[PDB]
């Protein structure tokens, strides 16, 4: 029965499958179509036939694991996509139509109905499964009656009745904010159109609209671009991704309902793109520090994840006009063209997404210009992202605080994230593949780069923790220069450190003071654990003389510098030690499996070579002190460590400071309210974090107090001397 609800569903079909756009002459469309053909063949040759059965598919048979419900209905959706494609071999196929129908019925009667209770994880009963049912029904709505469609969605109503609340039938329910609110959207608007229910669509839209509100606490977007999910976790790059991905599919539909969404409540979406997501995207890669436990999935490494966000943006762009459309088209086009490592099309899963990207890349009117330098201090999620366009590298700093969880190990994913927010750093360089090709299952999780740690063994059954201290944050001065610190205590209160970082345009200084250990376990700071390419060997230098690294750890006492020299300048990494420091280094094959870190993953052995730089801390009160100088040739590094000979102002228990004389910039971290005179030019007065620039005879000042999460009047923290 055909009216405006089914007009809306025609539009949804065009978005989630886009059969209407399919063109067999299109190389990239034809390839995805081929992938759906083979997936439907596998389901059809596999499925349980004859006299009534205990499952539809054996690989997905234990209906107590709820991931098996969604995986089963997603196989039916795939059949509904091929069955409504004129160019599929399954086009209006009688077996396929009958199979989808009988399978919906069998599921309804035996596995997933209103008499059922949630067993296992609720996301499946409330989001994953309802989306696959709704999509199946929508694609194939000319093969079902109105009564069948109502019958097969009654269950969806029992599990998701309220527009406002996500878990309501359980012995334990919560509030829909964030991507779950947008996920509520996709479930209920579509179930609403399928069931010809105006109250369901309108109230569902009224409810989605709250996602446009910036928040002060809990889940959602903050004014500084942070995005929080699961109560206290940094999560732009997974739950954020869902939010933008899901909303951007639903909007063309919402905008033609009788309850359209105001074009001013919209403008918040562009602030998300520019403030929250864009800083997180480097050479086509979405930074791991923002993806939570999704880092532990072989099929969602950084460049694959990035595409979720990008296809979100390109849809937003398509529904905009004039200037905002061109700019967002250009943002997407430049990100995609910088990426020599990953073929975007491999994560573009509908014909209209393929089509949109194709037109975008070949439209000469759409500019593809290299992105400019920036620096985003996501204080509200204790992360900092930095990017230098001159030299070509990004930097991520992964922290946590009293306000945030260090790592998320949930649904048996990310078993060894332990130290991923312990002042872990990321370097984004000419090696696009670095954090990919099985970085995550192969990296030694005891030696996460930048982190100071004991060598105690860790247990995979462990969960995340908040930090005892609130004194964790970034003071940003400008697009090139900031300072961070972290009042560090380890997971069992045996070790501390005052860790601070000095972001100074084309280099970052790492200071640690007040290093203390009450355990018997040895303590060390990992300077680096860099994954290598057989195709691009580093020549390694210590104090400017060639060294040769071995599987076996070698000691390099009296070290002023280490330099890692590629044939490509954009892969080079220098480490300048302000004071001669006692270090060790090795280069070794490291093995493991994705399953080691995500139970639901493959157990196949993966391997990669890694080069590890560590500094032992054997005494209480110990210190570290070095400058990371990326993307310069050896001769340039040698000159810069001469410019910087005296850059270290202080590195003690109450005060840390570095000075860039070339820029005239100071970073400073104070742990107490004493008067600190700095370079004989000014004094700084309060506990907190400082980035300062001398312009002739004035000072620009960036003070941040991380505990109260406030800046301050200039006269309370700064005085010229």
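Residue numbers count along the first chain shown, from 1.
Asks: Hey, which bit's got the bigger mean C-alpha B factor in the entry, 263-271 or 216-224?
Replies: Comparing 263-271 with 216-224, the higher mean C-alpha B-factor belongs to 263-271.
Asks: Which of the two stretches, 59-67 or 682-690, shows the higher mean Cα temperature factor in the record?
Replies: Result: 59-67.
Asks: Taking the Cα B-factors listed in the entry, which of 295, 205, 482, 427 comes out highest?
Replies: In this record, 205 carries the highest C-alpha B-factor of the candidates.
Asks: I'd like to know which of 146, 382, 565, 285 has the highest C-alpha temperature factor in the PDB entry.
Replies: It is 146.
Asks: Taking the chain's C-alpha temperature factors as the reference, tell me which third residue 45 falls into: lowest, middle or highest.
Replies: Middle third of the chain for residue 45's C-alpha B-factor.
Asks: Once the chain's modelled residues are ordered by C-alpha B factor and cut into thirds, is residue 366 in the lowest, middle or highest one?
Replies: Middle third.
Asks: Using the B-factor values recorded in the entry, state whether the Cα atom of residue 605 falls in the lowest, middle or highest third among the modelled residues of its chain.
Replies: Within its chain, residue 605 is a highest-third residue by C-alpha B-factor, going by the deposited values.
Asks: Sorting the chain's modelled residues by C-alpha B-factor, tell me whether residue 51 ends up in the lowest, middle or highest third.
Replies: Highest third - that is where residue 51 ends up once the chain's C-alpha B-factors are sorted.
Asks: Ranked by Cα temperature factor within the chain, is residue 520 in the lowest third, the middle third or the highest third?
Replies: For residue 520, the deposited C-alpha B-factor lands in the highest third.
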